[PDB]
>>> print(open('model10.tsv').read())   # TSV, C-alpha atoms
chain	number	residue	atom	x	y	z
A	338	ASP	CA	128.52	138.14	48.08
A	339	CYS	CA	128.56	136.07	51.33
A	340	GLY	CA	125.04	137.18	52.38
A	341	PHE	CA	122.93	135.48	49.67
A	342	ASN	CA	122.83	131.64	49.91
A	343	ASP	CA	124.93	128.78	51.43
A	344	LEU	CA	126.68	128.35	48.01
A	345	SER	CA	127.79	132.03	48.26
A	346	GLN	CA	128.88	131.45	51.91
A	347	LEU	CA	130.97	128.43	50.76
A	348	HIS	CA	132.87	130.64	48.25
A	349	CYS	CA	133.47	133.33	50.93
A	350	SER	CA	134.67	130.80	53.57
A	351	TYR	CA	137.25	129.13	51.24
A	352	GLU	CA	138.12	132.58	49.69
A	353	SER	CA	138.38	130.87	46.25
A	354	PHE	CA	135.71	131.19	43.50
A	355	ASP	CA	136.76	127.69	42.30
A	356	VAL	CA	135.86	125.95	45.63
A	357	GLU	CA	137.21	122.38	46.15
A	358	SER	CA	135.01	119.36	47.13
A	359	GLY	CA	134.91	118.03	50.74
A	360	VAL	CA	131.71	119.48	52.35
A	361	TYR	CA	133.34	122.48	54.16
A	362	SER	CA	131.22	125.64	54.78
A	363	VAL	CA	129.79	128.16	57.33
A	364	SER	CA	127.14	126.34	59.44
A	365	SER	CA	123.97	126.93	61.57
A	366	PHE	CA	121.26	129.04	59.85
A	367	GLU	CA	120.97	131.85	62.46
A	368	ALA	CA	117.58	131.17	64.13
A	369	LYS	CA	116.41	134.83	64.25
A	370	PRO	CA	114.16	135.74	67.26
A	371	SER	CA	110.59	135.17	65.94
A	372	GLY	CA	109.29	137.34	68.82
A	373	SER	CA	110.57	139.07	72.01
A	374	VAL	CA	109.30	138.26	75.56
A	375	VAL	CA	110.70	141.36	77.39
A	376	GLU	CA	109.29	140.56	80.89
A	377	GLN	CA	111.29	142.76	83.33
A	378	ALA	CA	110.12	144.95	86.27
B	627	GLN	CA	109.98	131.76	95.00
B	628	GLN	CA	113.42	132.00	93.29
B	629	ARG	CA	111.56	132.08	89.88
B	630	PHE	CA	114.77	131.89	87.75
B	631	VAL	CA	115.82	128.21	87.27
B	632	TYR	CA	119.31	127.35	85.91
B	633	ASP	CA	120.94	124.05	84.74
B	634	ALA	CA	124.41	122.68	85.68
B	635	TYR	CA	125.80	124.87	82.84
B	636	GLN	CA	124.09	127.77	84.78
B	637	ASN	CA	122.28	128.94	81.59
B	638	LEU	CA	118.72	130.17	82.34
B	639	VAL	CA	116.45	127.12	81.69
B	640	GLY	CA	113.27	128.17	83.55
B	641	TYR	CA	110.93	131.13	84.22
B	642	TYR	CA	108.08	131.31	86.80
B	643	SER	CA	105.07	133.57	85.97
B	644	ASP	CA	103.31	135.77	88.61
B	645	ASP	CA	100.35	133.29	88.55
B	646	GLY	CA	102.99	130.55	89.13
B	647	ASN	CA	102.73	129.02	85.62
B	648	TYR	CA	106.21	127.66	84.73
B	649	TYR	CA	107.64	127.68	81.16
B	650	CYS	CA	110.79	125.67	80.29
B	651	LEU	CA	113.41	127.92	78.62
B	652	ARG	CA	115.52	126.23	75.89
B	653	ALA	CA	118.14	128.22	73.90
B	654	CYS	CA	117.28	128.68	70.17
B	655	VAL	CA	118.40	125.61	68.13
B	656	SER	CA	121.26	125.71	65.53
B	657	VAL	CA	119.36	124.52	62.38
B	658	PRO	CA	122.86	123.67	60.91
B	659	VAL	CA	123.70	124.19	57.17
B	660	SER	CA	126.53	122.44	55.21
B	661	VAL	CA	127.41	122.53	51.46
B	662	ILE	CA	127.96	119.38	49.30
B	663	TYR	CA	129.84	120.61	46.20
B	664	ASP	CA	131.41	118.93	43.12
B	665	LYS	CA	134.02	121.10	41.30
B	666	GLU	CA	133.45	119.49	37.84
B	667	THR	CA	129.64	120.05	37.99
B	668	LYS	CA	130.11	123.61	39.44
B	669	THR	CA	126.79	122.96	41.30
B	670	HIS	CA	126.08	122.48	45.06
B	671	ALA	CA	123.54	120.61	47.25
B	672	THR	CA	122.35	122.25	50.53
B	673	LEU	CA	122.83	119.93	53.57
B	674	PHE	CA	121.06	120.15	56.97
C	771	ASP	CA	167.26	73.33	86.88
C	772	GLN	CA	169.84	72.97	84.05
C	773	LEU	CA	171.63	69.57	84.11
C	774	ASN	CA	175.45	69.31	83.80
C	775	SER	CA	174.99	66.31	81.42
C	776	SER	CA	174.08	65.50	77.78
C	777	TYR	CA	170.46	65.04	79.02
C	778	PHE	CA	168.50	68.29	79.67
C	779	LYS	CA	165.48	68.79	82.02
C	780	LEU	CA	162.26	69.85	80.20
C	781	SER	CA	159.14	71.37	81.86
C	782	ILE	CA	156.08	70.42	79.71
C	783	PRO	CA	152.32	70.81	80.55
C	784	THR	CA	150.23	67.62	81.06
C	785	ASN	CA	146.97	69.67	81.00
C	786	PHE	CA	145.53	72.26	78.55
C	787	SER	CA	142.94	75.08	78.90
C	788	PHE	CA	141.24	77.56	76.51
C	789	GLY	CA	140.92	81.26	77.47
C	790	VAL	CA	139.58	84.32	75.57
C	791	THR	CA	141.63	87.57	75.64
C	792	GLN	CA	139.45	90.65	74.92
C	793	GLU	CA	141.10	93.67	73.20
C	794	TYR	CA	139.54	96.99	72.05
C	795	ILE	CA	141.08	99.14	69.26
C	796	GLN	CA	139.46	102.55	68.46
C	797	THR	CA	139.36	103.10	64.65
C	798	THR	CA	137.03	106.17	64.63
C	799	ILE	CA	136.33	109.32	66.75
C	800	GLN	CA	133.21	111.56	66.87
C	801	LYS	CA	133.46	114.19	64.07
C	802	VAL	CA	132.43	117.76	65.09
C	803	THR	CA	131.93	120.90	62.91
C	804	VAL	CA	131.75	124.25	64.84
C	805	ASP	CA	130.62	127.66	63.44
C	806	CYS	CA	131.03	131.14	65.06
C	807	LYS	CA	127.63	132.56	63.98
C	808	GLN	CA	125.50	130.26	66.21
C	809	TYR	CA	128.28	129.84	68.84
C	810	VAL	CA	129.25	133.54	69.33
C	811	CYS	CA	126.29	135.50	67.90
C	812	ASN	CA	122.80	134.01	67.17
C	813	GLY	CA	121.39	137.59	67.23
C	814	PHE	CA	122.21	141.14	68.56
C	815	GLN	CA	122.20	142.58	64.95
C	816	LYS	CA	125.41	144.63	65.60
C	817	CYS	CA	127.18	141.39	66.67
C	818	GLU	CA	126.38	139.87	63.23
D	916	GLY	CA	113.42	118.40	75.81
D	917	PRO	CA	116.69	116.91	77.19
D	918	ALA	CA	116.48	113.17	78.05
D	919	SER	CA	118.97	113.78	80.92
D	920	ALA	CA	120.41	116.90	82.65
D	921	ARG	CA	123.33	118.34	80.56
D	922	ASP	CA	122.24	116.12	77.60
D	923	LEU	CA	125.16	116.14	75.10
D	924	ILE	CA	122.88	116.01	72.00
D	925	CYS	CA	120.77	119.02	73.16
D	926	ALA	CA	123.95	120.94	74.11
D	927	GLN	CA	125.35	120.52	70.55
D	928	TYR	CA	122.25	122.16	68.98
D	929	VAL	CA	122.10	125.03	71.54
D	930	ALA	CA	125.81	125.86	70.91
D	931	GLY	CA	125.35	125.23	67.15
D	932	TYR	CA	128.15	122.65	66.70
D	933	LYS	CA	126.96	119.50	64.82
D	934	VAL	CA	128.34	115.92	65.27
D	935	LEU	CA	128.78	114.34	61.78
D	936	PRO	CA	127.64	110.68	61.22
D	937	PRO	CA	130.10	107.72	60.76
D	938	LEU	CA	131.16	106.91	57.14
D	939	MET	CA	129.68	103.35	57.22
D	940	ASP	CA	126.15	102.41	58.44
D	941	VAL	CA	125.77	99.80	61.26
D	942	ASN	CA	123.99	97.29	58.92
D	943	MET	CA	126.85	97.47	56.33
D	944	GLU	CA	129.44	97.07	59.16
D	945	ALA	CA	127.57	93.94	60.41
D	946	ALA	CA	127.83	92.48	56.87
D	947	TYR	CA	131.65	93.04	56.92
D	948	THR	CA	131.98	91.12	60.24
D	949	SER	CA	129.70	88.27	58.99
D	950	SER	CA	131.84	87.81	55.82
D	951	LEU	CA	135.02	87.85	57.99
D	952	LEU	CA	133.59	85.09	60.27
D	953	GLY	CA	132.88	82.86	57.22
D	954	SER	CA	136.43	83.46	55.91
D	955	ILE	CA	137.94	82.57	59.36
D	956	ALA	CA	136.68	78.95	59.16
D	957	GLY	CA	138.62	78.07	55.96
D	958	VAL	CA	141.22	80.88	55.52
D	959	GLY	CA	144.04	79.04	57.38
D	960	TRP	CA	144.65	76.03	55.08
D	961	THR	CA	147.64	77.26	52.98
D	962	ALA	CA	149.99	80.27	52.53
D	963	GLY	CA	148.57	83.06	50.31
>>> encode(input="model10.tsv", output="structure tokens")
Amino acid sequence: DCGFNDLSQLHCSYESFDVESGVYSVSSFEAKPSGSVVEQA
Amino acid sequence: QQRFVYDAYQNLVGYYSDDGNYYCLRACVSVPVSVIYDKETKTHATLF
Amino acid sequence: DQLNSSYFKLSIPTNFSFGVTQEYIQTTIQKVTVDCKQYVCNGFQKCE
Amino acid sequence: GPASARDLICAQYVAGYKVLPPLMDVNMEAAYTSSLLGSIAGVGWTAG
């Protein structure tokens, strides 16, 4: 399952359960909007 | 008076309040994640 | 000038100087890793 | 905030791409050059 931890993301990216070494993976923990400053007219 | 301030990239980098207080606007940071993995161990180390 | 004789003209320096030649060779380049989730999404819920 | 307008380092984080560090640290690289300078003085005495 890709949506669990970075180790799970690494398996999904390579597409192989037996992932090779080399430090390759999905990057950038999505900084989710802590709040929302909707300030329109 | 313009209120909306933009950089050379033209991304919105400033907002002016009605009272005139000005807040810098910076896009949310990446917080990057990488995986250090050894096949023989079958274990991984989270990298930022 | 070449001589039409057994003897040959030789041009040889009577003075010497030392000079430094500076050369740059690039052995490395900046290494960049790019991911779609921060680059293309970073929110929107449906976009994810 | 950005040290300069269109700061490259700040731009990398906003986009989410990350620049990886060089394989060898500057201090270790300085040691390699220092050892080479010592070798230069006596290396050219004989073939091999």
>>> atom_distance(input="model10.tsv", atom1="CA of residue 941 (chain D)", atom2="CA of residue 956 (chain D)")
23.6 Å
>>> atom_distance(input="model10.tsv", atom1="CA of residue 672 (chain B)", atom2="CA of residue 355 (chain A)")
17.5 Å
>>> closest_atom_pairs(input="model10.tsv", of="chain B", to="region 797-808 of chain C", cutoff="12 Å", atoms="all atoms listed in the file", output="Markdown table")
| residue | atom | partner | partner_atom | distance |
| --- | --- | --- | --- | --- |
| B:653 | CA | C:808 | CA | 10.8 |
| B:654 | CA | C:808 | CA | 9.3 |
| B:655 | CA | C:808 | CA | 8.7 |
| B:656 | CA | C:808 | CA | 6.3 |
| B:657 | CA | C:808 | CA | 9.2 |
| B:658 | CA | C:808 | CA | 8.9 |
| B:659 | CA | C:805 | CA | 10.0 |
| B:660 | CA | C:803 | CA | 9.5 |
>>> atom_distance(input="model10.tsv", atom1="CA of residue 348 (chain A)", atom2="CA of residue 364 (chain A)")
13.3 Å
>>> interface_residues(input="model10.tsv", of="chain A", to="chain D", cutoff="10 Å", atoms="all atoms listed in the file", output="PyMOL selection string")
chain A and resi 364-367
>>> axis_aligned_box(input="model10.tsv", around="region 925-932 of chain D", padding_each_side="6 Å", output="lines of an AutoDock Vina configuration file")
center_x = 124.5
center_y = 122.4
center_z = 70.4
size_x = 19.4
size_y = 18.8
size_z = 19.4
>>> closest_residue(input="model10.tsv", among="A:352, A:376, A:338, A:343", to="residue 669 (chain B)", atoms="all atoms listed in the file")
A:343
>>> closest_residue(input="model10.tsv", among="D:929, D:922, D:942, D:961", to="chain B", atoms="all atoms listed in the file")
D:929
>>> residues_around(input="model10.tsv", residues="residue 638 (chain B)", least_positions_apart="2", cutoff="12 Å", atoms="all atoms listed in the file", output="PyMOL selection string")
chain B and resi 629-636+640-642+649-653
>>> closest_residue(input="model10.tsv", among="C:785, C:811, C:818, C:774", to="chain B", atoms="only C-alpha atoms")
C:811
>>> interface_residues(input="model10.tsv", of="chain A", to="chain C", cutoff="12 Å", atoms="all atoms listed in the file", output="VMD selection string")
chain A and resid 340 350 360 to 371 373
>>> decode(input="model10.tsv", residues="region 917-934 of chain D", atoms="N, CA and C atoms", output="PDB file, in the first residue's frame")
ATOM      1  N   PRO D 917      14.033  34.812   1.872  1.00  0.00           N
ATOM      2  CA  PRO D 917      15.098  34.771   0.869  1.00  0.00           C
ATOM      3  C   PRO D 917      16.206  35.801   1.133  1.00  0.00           C
ATOM      4  N   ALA D 918      17.470  35.379   1.039  1.00  0.00           N
ATOM      5  CA  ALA D 918      18.600  36.324   1.199  1.00  0.00           C
ATOM      6  C   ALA D 918      18.561  37.340   0.053  1.00  0.00           C
ATOM      7  N   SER D 919      18.248  36.875  -1.159  1.00  0.00           N
ATOM      8  CA  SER D 919      18.190  37.763  -2.350  1.00  0.00           C
ATOM      9  C   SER D 919      16.905  37.464  -3.127  1.00  0.00           C
ATOM     10  N   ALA D 920      16.465  38.393  -3.981  1.00  0.00           N
ATOM     11  CA  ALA D 920      15.260  38.153  -4.808  1.00  0.00           C
ATOM     12  C   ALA D 920      15.517  36.941  -5.709  1.00  0.00           C
ATOM     13  N   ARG D 921      14.508  36.082  -5.898  1.00  0.00           N
ATOM     14  CA  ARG D 921      14.681  34.837  -6.699  1.00  0.00           C
ATOM     15  C   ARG D 921      15.825  33.997  -6.119  1.00  0.00           C
ATOM     16  N   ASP D 922      15.887  33.869  -4.788  1.00  0.00           N
ATOM     17  CA  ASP D 922      16.944  33.039  -4.154  1.00  0.00           C
ATOM     18  C   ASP D 922      16.774  31.600  -4.646  1.00  0.00           C
ATOM     19  N   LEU D 923      17.859  30.987  -5.127  1.00  0.00           N
ATOM     20  CA  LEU D 923      17.782  29.608  -5.676  1.00  0.00           C
ATOM     21  C   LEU D 923      17.413  28.623  -4.565  1.00  0.00           C
ATOM     22  N   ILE D 924      18.016  28.769  -3.381  1.00  0.00           N
ATOM     23  CA  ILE D 924      17.786  27.779  -2.286  1.00  0.00           C
ATOM     24  C   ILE D 924      16.309  27.801  -1.880  1.00  0.00           C
ATOM     25  N   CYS D 925      15.736  28.996  -1.709  1.00  0.00           N
ATOM     26  CA  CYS D 925      14.308  29.120  -1.313  1.00  0.00           C
ATOM     27  C   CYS D 925      13.417  28.553  -2.422  1.00  0.00           C
ATOM     28  N   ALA D 926      13.782  28.804  -3.683  1.00  0.00           N
ATOM     29  CA  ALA D 926      12.973  28.324  -4.828  1.00  0.00           C
ATOM     30  C   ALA D 926      12.915  26.795  -4.803  1.00  0.00           C
ATOM     31  N   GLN D 927      14.028  26.138  -4.457  1.00  0.00           N
ATOM     32  CA  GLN D 927      14.053  24.654  -4.482  1.00  0.00           C
ATOM     33  C   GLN D 927      13.000  24.131  -3.505  1.00  0.00           C
ATOM     34  N   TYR D 928      12.955  24.692  -2.294  1.00  0.00           N
ATOM     35  CA  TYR D 928      12.006  24.195  -1.260  1.00  0.00           C
ATOM     36  C   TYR D 928      10.555  24.473  -1.674  1.00  0.00           C
ATOM     37  N   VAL D 929      10.294  25.657  -2.236  1.00  0.00           N
ATOM     38  CA  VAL D 929       8.900  26.022  -2.624  1.00  0.00           C
ATOM     39  C   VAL D 929       8.423  25.045  -3.706  1.00  0.00           C
ATOM     40  N   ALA D 930       9.260  24.782  -4.714  1.00  0.00           N
ATOM     41  CA  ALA D 930       8.915  23.804  -5.774  1.00  0.00           C
ATOM     42  C   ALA D 930       8.877  22.387  -5.194  1.00  0.00           C
ATOM     43  N   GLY D 931       9.765  22.090  -4.242  1.00  0.00           N
ATOM     44  CA  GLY D 931       9.844  20.739  -3.651  1.00  0.00           C
ATOM     45  C   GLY D 931      11.031  19.930  -4.144  1.00  0.00           C
ATOM     46  N   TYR D 932      11.737  20.394  -5.179  1.00  0.00           N
ATOM     47  CA  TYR D 932      12.973  19.678  -5.602  1.00  0.00           C
ATOM     48  C   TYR D 932      14.082  19.924  -4.567  1.00  0.00           C
ATOM     49  N   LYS D 933      14.928  18.921  -4.324  1.00  0.00           N
ATOM     50  CA  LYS D 933      16.000  19.053  -3.299  1.00  0.00           C
ATOM     51  C   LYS D 933      17.366  18.841  -3.960  1.00  0.00           C
ATOM     52  N   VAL D 934      18.333  19.721  -3.671  1.00  0.00           N
ATOM     53  CA  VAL D 934      19.708  19.559  -4.229  1.00  0.00           C
ATOM     54  C   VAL D 934      20.517  18.675  -3.277  1.00  0.00           C
TER      55      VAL D 934
END
